[PDB]
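Engineer: Can you keep this structure in mind? I'll have questions shortly.
We place every Cβ from the backbone using ideal geometry, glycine too, and count neighbours over all the protein chains shown. Computed from the coordinates by the stated procedures, all read-outs in this text should not be read as laboratory data.
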Amino acid sequence: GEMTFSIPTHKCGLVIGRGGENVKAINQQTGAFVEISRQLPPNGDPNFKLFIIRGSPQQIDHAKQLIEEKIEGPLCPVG
């Protein structure tokens with residue numbers, strides 16, 4: 001099951017780069033596809049873009065770690 005994480009819209013330039021650059025490098029490092037979602041977060045606020053780490057748990061969780069390395073902060077599993 002693909003997992004969703006809360007990615008701040010303002011941080012879409014460090015982890016997301018310009019058009020999802022760094023996120024696909026995460027994929028290469030892991031295996032799961034870290035793709036930008038169109039889902040509304042629990043808060044329904046447009047400053048929190050949901051991010052899809054779609055793959056197998058082992059790949060997702062490892063990619064999660066790499067993103068939490070990018071932002072150097074904890075990501076919350078949403079859905």
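Engineer: Give me a count of the residues in region 37-79 that are of a type in the set (A, V, I, L, M, F, W, C), exposed (fewer than 15 other Cβ atoms within 10 Å of the Cβ) and under 13 Å from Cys12 (Cα atoms). Show your work before the answer.
Structural biologist: Taking region 37-79 and keeping what is of a type in the set (A, V, I, L, M, F, W, C), we get 40, 48, 50-53, 60, 63, 66-67, 71, 75-76, 78.
Filter once more, so that each one left must be exposed (fewer than 15 other Cβ atoms within 10 Å of the Cβ): 40, 71, 76.
Okay, now just the ones that are also under 13 Å from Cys12 (Cα atoms), so 71.
Counting residues in region 37-79 that are of a type in the set (A, V, I, L, M, F, W, C), exposed (fewer than 15 other Cβ atoms within 10 Å of the Cβ) and under 13 Å from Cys12 (Cα atoms) gives 1.
Engineer: Scan region 51-74 and report the pairs whose first residue is in contact (Cβ under 8 Å) with a residue 40 or more places away in the chain and closer than 16 Å to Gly17 by Cα and whose second residue is in a helix (DSSP H, G or I) and among the small types (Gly, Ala, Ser), with Cβ atoms within less than 9 Å and a gap of 6+ or a chain change.
Structural biologist: Within 9 Å, the pairs are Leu66/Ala25.
Engineer: On to the next question. Condition first: surrounded by 15 or more Cβ atoms within 10 Å (Cβ to Cβ) and either in a loop (DSSP other than H, G, I, E, B) or among the acidic types (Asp, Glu) (or both). Now tell me which residues in region 1-19 satisfy that.
Structural biologist: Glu2, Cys12, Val15, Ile16 - these are the residues of region 1-19 that are surrounded by 15 or more Cβ atoms within 10 Å (Cβ to Cβ) and either in a loop (DSSP other than H, G, I, E, B) or among the acidic types (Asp, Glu) (or both).
Engineer: In region 1-60, what residues are under 12 Å from the mean Cα position of the chain (by Cα) and of a type in the set (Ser, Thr, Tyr)?
Structural biologist: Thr4, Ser6, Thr9, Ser37
Engineer: Does region 25-32 contain at least one residue that is among the hydroxyl-bearing types (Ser, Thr, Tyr), out of contact with any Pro (no Cβ under 6 Å at 6 or more places or on another chain) and either within 19 Å of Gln65 (Cβ to Cβ) or assigned to a loop (DSSP other than H, G, I, E, B) (or both)? Even if it seems obvious, please write down each step before you answer.
Structural biologist: Of region 25-32, the ones among the hydroxyl-bearing types (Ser, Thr, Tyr) are 30.
If we keep only those that are out of contact with any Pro (no Cβ under 6 Å at 6 or more places or on another chain) too, we end up with 30.
When the remaining residues are screened for being either within 19 Å of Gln65 (Cβ to Cβ) or assigned to a loop (DSSP other than H, G, I, E, B) (or both), the result is 30.
Yes, region 25-32 contains at least one residue that is among the hydroxyl-bearing types (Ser, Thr, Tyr), out of contact with any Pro (no Cβ under 6 Å at 6 or more places or on another chain) and either within 19 Å of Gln65 (Cβ to Cβ) or assigned to a loop (DSSP other than H, G, I, E, B) (or both).
Engineer: Considering only region 14-50, state which residues are acidic (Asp, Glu) and either touching a strand residue (DSSP E or B) at 6+ places or on another chain (Cβ under 8 Å) or touching a residue at least 60 places away in the same chain (Cβ under 8 Å) (or both).
Structural biologist: Within region 14-50, the first condition is being acidic (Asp, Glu), and the residues that meet it are 21, 35, 45.
Listed by number, the list holds a single entry, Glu35.
Engineer: Same structure again: Quick one: how many residues across region 7-26 are of a type outside the set (A, V, I, L, M, F, W, C) and in contact with a helix residue (DSSP H, G or I) (Cβ under 7 Å, 6 or more places away or on another chain)? Spell out the reasoning first.
Structural biologist: Within region 7-26, the subset of a type outside the set (A, V, I, L, M, F, W, C) is 8-11, 13, 17-22, 24.
Then drop every residue that is not in contact with a helix residue (DSSP H, G or I) (Cβ under 7 Å, 6 or more places away or on another chain), which leaves 22.
Residues in region 7-26 being of a type outside the set (A, V, I, L, M, F, W, C) and in contact with a helix residue (DSSP H, G or I) (Cβ under 7 Å, 6 or more places away or on another chain): 1 in total.
Engineer: Going through region 50-64 one residue at a time, which ones are not hydroxyl-bearing (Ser, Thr, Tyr) and not in a helix (DSSP H, G or I)? Steps first, answer last, please.
Structural biologist: Step one: of region 50-64, the residues not hydroxyl-bearing (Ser, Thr, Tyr) are 50-55, 57-64.
Across region 50-64, the qualifying residues are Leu50, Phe51, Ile52, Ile53, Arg54, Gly55.
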